[PDB]
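Sequence lines set the chain letters: A, B, ... in the order given, protein chains first and strands last, and positions in each chain run from 1.
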Amino acid sequence: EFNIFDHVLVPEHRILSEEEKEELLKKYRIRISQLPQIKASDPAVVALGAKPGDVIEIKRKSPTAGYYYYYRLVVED
Amino acid sequence: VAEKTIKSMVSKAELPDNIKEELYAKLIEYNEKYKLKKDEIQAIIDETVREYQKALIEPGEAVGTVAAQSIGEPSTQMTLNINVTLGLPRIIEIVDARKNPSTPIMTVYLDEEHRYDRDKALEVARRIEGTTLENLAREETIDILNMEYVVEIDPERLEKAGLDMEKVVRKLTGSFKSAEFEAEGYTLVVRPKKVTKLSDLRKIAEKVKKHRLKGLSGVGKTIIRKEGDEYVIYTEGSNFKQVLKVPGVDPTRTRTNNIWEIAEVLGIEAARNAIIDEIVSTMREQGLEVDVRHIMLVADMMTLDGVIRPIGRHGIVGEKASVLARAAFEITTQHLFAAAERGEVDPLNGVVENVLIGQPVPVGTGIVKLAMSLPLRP
Amino acid sequence: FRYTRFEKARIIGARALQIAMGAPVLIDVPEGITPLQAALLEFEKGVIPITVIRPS
Amino acid sequence: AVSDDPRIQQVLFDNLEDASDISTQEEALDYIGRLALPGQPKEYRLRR
């Protein structure tokens, strides 16, 4: 089958662990509601098998910095 | 100086990873040409670090306002008006998050089995392209003696469509069960089963001619172009989900003009990337140089909540937490009354509300805090 | 540690405001200059007493 | 009152059978009065 992550427009998506999520929240001094949101019906979310309440680490292909890290919180539809 | 020493110095230097690789490659290229010494390499690395530190943006900069100005100013010299209609209408449609863009265009790529020869590309295109009965027919004539509509088609368009006559009559007979279809020569003859009223003939004649014989819905025109010793298929209309699962089509590089289809099929991050690419392509076509950082900031603000949002009263401004900022932009009475109903509280953390009241804005010098020891003497 | 343009502007404005309503100049200045010019000269001499509080 | 060419006449007949609900002028006047002035007596709607 055609994986959703093989597209050039789709960056790598990885589910953060609990300790990784806590460290990310501590680093930026933000709550879980101050992160960008991603819908639970997103193709990347259903491909990763994530559930609402998790934080997805996105490895963007930066035109300026080469590789850039973005974080999105899974929320219900 | 060996390459290992240069790599070690580059790694020891404080630089981003993308800068480190480019600097190492340039130093390797220049090392054989001019026989660089260790002190020269160290000075080059120090200068690169200093330039990187100098290029860092200072805190407190109004990046959003600068981005909005740097996007809106080149639009004042844009040009208005195959069938791609770029320019100011295109960027307006992009920033307004239009559900259905005007003249959608789908860029379709092919795998290794079809990207080398024109015949495979042509048959893939004819598989993608949607052909119905009304375009195949030469003229329309309602016949009353048989009490049913009669269809005739030219041989050239039937041959180029890729399906023969038997395929056509099997397509309509399976799809439509109210009336039967008979064919002789190069003509279609339709015969009713329980149709007697003349008014019921028109409702069944139009349904027959608009039925799609083959291809994907929403695609009516398809062209093929060659670039970089590869064949790229450009279609009119957008059906991303259907065209993704089509044999002979590479789904890794296939993209569409509709950002909403990209979000629904690929993801929100892919939608943001598509928005950035569309804005960059429009600016490049118009001949206007705009820094990509403004475009990525706009796209990040557009896809903050996981869905594509416009920049108007129904998008980013509509979901602003400030009552005064929302009321000041487009809709004043409705927003104020809605805030009065809910008892909303405006924390005055934004810029517009502080401008309205007469308080310093939280940008530039407004975020600077000062302290001073009192026992100060000359 | 280097001053940003916004921080430098805020420091110069605060010093000029202080000079306008008192706060005698800590360095010798030519006669007939504005308080803003005196604050700029003080900043050039590196004698400003105003610091910047940064988040931590 | 429209034309005599059979192509126009076919569309005319189609319109006539599609609009066979109204038989006389009074019913069409009732429709016009209902659209212009809904919720009014029949005489007032007819006059309007």
Side-chain angles (χ1 to χ4, degrees), chain A residues 1-13 43-44 47 59-61 63, chain B residues 82-86 90 101 103-132 135 156-164 167 212-267 269-282 284-285:
Chain A
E1 232 278 351
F2 163 68
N3 195 12
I4 203 48
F5 299 116
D6 290 324
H7 208 289
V8 282
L9 282 178
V10 178
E12 286 176 26
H13 288 63
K59 200 177 170 194
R60 291 181 168 169
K61 275 207 217 294
Chain B
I82 342 267
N83 206 29
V84 63
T85 173
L86 334 103
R90 184 50 187 152
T103 76
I105 285 143
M106 221 168 44
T107 303
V108 185
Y109 284 87
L110 323 167
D111 40 60
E112 302 270 311
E113 314 220 325
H114 306 75
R115 77 178 59 157
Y116 300 141
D117 69 286
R118 205 148 186 286
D119 324 297
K120 285 289 210 146
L122 246 316
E123 61 184 284
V124 163
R126 87 172 93 261
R127 193 156 27 214
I128 292 163
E129 180 173 10
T131 299
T132 191
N135 54 63
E156 306 152 28
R157 304 191 280 191
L158 194 287
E159 180 201 81
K160 183 174 55 273
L163 79 156
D164 80 48
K167 323 214 183 71
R212 168 176 32 99
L213 308 179
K214 52 108 198 160
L216 319 165
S217 92
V219 186
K221 193 171 109 92
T222 304
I223 64 109
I224 298 179
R225 286 209 342 138
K226 153 84 87 63
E227 46 249 22
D229 65 90
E230 205 180 356
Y231 278 98
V232 186
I233 284 176
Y234 296 93
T235 88
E236 279 203 354
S238 265
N239 206 339
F240 199 42
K241 186 153 101 126
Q242 288 329 320
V243 79
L244 267 209
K245 28 188 195 65
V246 157
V249 163
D250 188 25
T252 73
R253 298 136 87 222
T254 310
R255 52 155 77 233
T256 178
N257 232 21
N258 210 334
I259 49 172
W260 286 94
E261 272 169 28
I262 296 281
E264 286 156 350
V265 171
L266 298 172
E269 287 287 312
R272 173 240 192 210
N273 278 330
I275 286 160
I276 283 161
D277 286 342
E278 283 285 304
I279 295 179
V280 161
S281 96
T282 313
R284 252 92 155 278
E285 189 268 339

Drop me the distance from [X]'s [atom1] to [Y]'s [atom2], to the nearest 0.5 angstrom.
X: B:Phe240; Y: B:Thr254; atom1: CZ; atom2: OG1; value: 6.0 Å
X: B:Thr252; Y: A:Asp6; atom1: OG1; atom2: CG; value: 7.5 Å
X: B:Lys245; Y: B:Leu216; atom1: NZ; atom2: CG; value: 8.5 Å
X: B:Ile128; Y: B:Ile233; atom1: CD1; atom2: CD1; value: 4.5 Å
X: B:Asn273; Y: B:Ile259; atom1: CG; atom2: CD1; value: 12.5 Å
X: B:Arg255; Y: B:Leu244; atom1: CZ; atom2: CG; value: 12.5 Å

Could you tell me whether [X] and [Y] make a salt bridge, using a distance below 4.0 angstrom between a side-chain N and a carboxylate O?
X: A:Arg60; Y: A:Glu12; answer: no
X: B:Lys221; Y: B:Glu129; answer: no
X: B:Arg225; Y: B:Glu230; answer: no
X: B:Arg253; Y: B:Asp250; answer: yes

Does [X] reach the side chain of [Y], with side-chain heavy atoms less than 4.5 Å apart?
X: B:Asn83; Y: B:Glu236; result: yes
X: B:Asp111; Y: B:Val249; result: no
X: B:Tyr234; Y: B:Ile224; result: no
X: B:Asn257; Y: B:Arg90; result: yes
X: B:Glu156; Y: B:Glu159; result: no
X: B:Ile105; Y: B:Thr235; result: no
X: B:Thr107; Y: B:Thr256; result: no
X: B:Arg115; Y: B:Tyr109; result: no

Please step through side chain to side chain contact (heavy atoms under 4.5 Å, CB included) for the pair B:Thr131 and B:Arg212, ending with a clear verdict.
CA-CA 6 Å; B:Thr131 299; B:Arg212 168 176 32 99; over 6 Å; no
Can you name the closest pair of heavy atoms from [X] and [Y] and give their distance?
X: B:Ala271; Y: B:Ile262; result: N-CG2, 3.6 Å
X: A:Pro43; Y: B:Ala263; result: CD-O, 4.1 Å
X: A:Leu9; Y: A:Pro11; result: O-CD, 3.4 Å

Just to verify, which of B:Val124, B:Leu110, B:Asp117 counts as forming a side-chain contact (heavy atoms from CB on, under 4.5 Å) with B:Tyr231?
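Result for side-chain contact (heavy atoms from CB on, under 4.5 Å) with B:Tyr231: B:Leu110.
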Please confirm whether A:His13 and A:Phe5 have ring centers closer than 6.0 angstrom.
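Between A:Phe5 and A:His13, which both carry aromatic rings, the centre distance is below 6.0 Å.
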May I ask you to check whether over 12 heavy atoms, not counting those of [X], lie within 6.0 Å of atom [atom1]?
X: B:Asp229; atom1: CG; answer: no
X: B:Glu227; atom1: CD; answer: yes
X: B:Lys241; atom1: NZ; answer: no
X: B:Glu113; atom1: CD; answer: no
X: B:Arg284; atom1: CZ; answer: no

Output yes when a side-chain donor or acceptor of B:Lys214 lies under 3.5 Å from a complementary backbone atom of B:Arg126, and no otherwise.
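Side chain of B:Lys214 to backbone of B:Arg126: a pair is present.
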Going by distance alone, is a donor N or O of one side chain under 3.5 Å from an acceptor N or O of the other, for B:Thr103 and B:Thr85?
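The criterion, which ignores hydrogens and geometry beyond distance, is not satisfied for B:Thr85 and B:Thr103.
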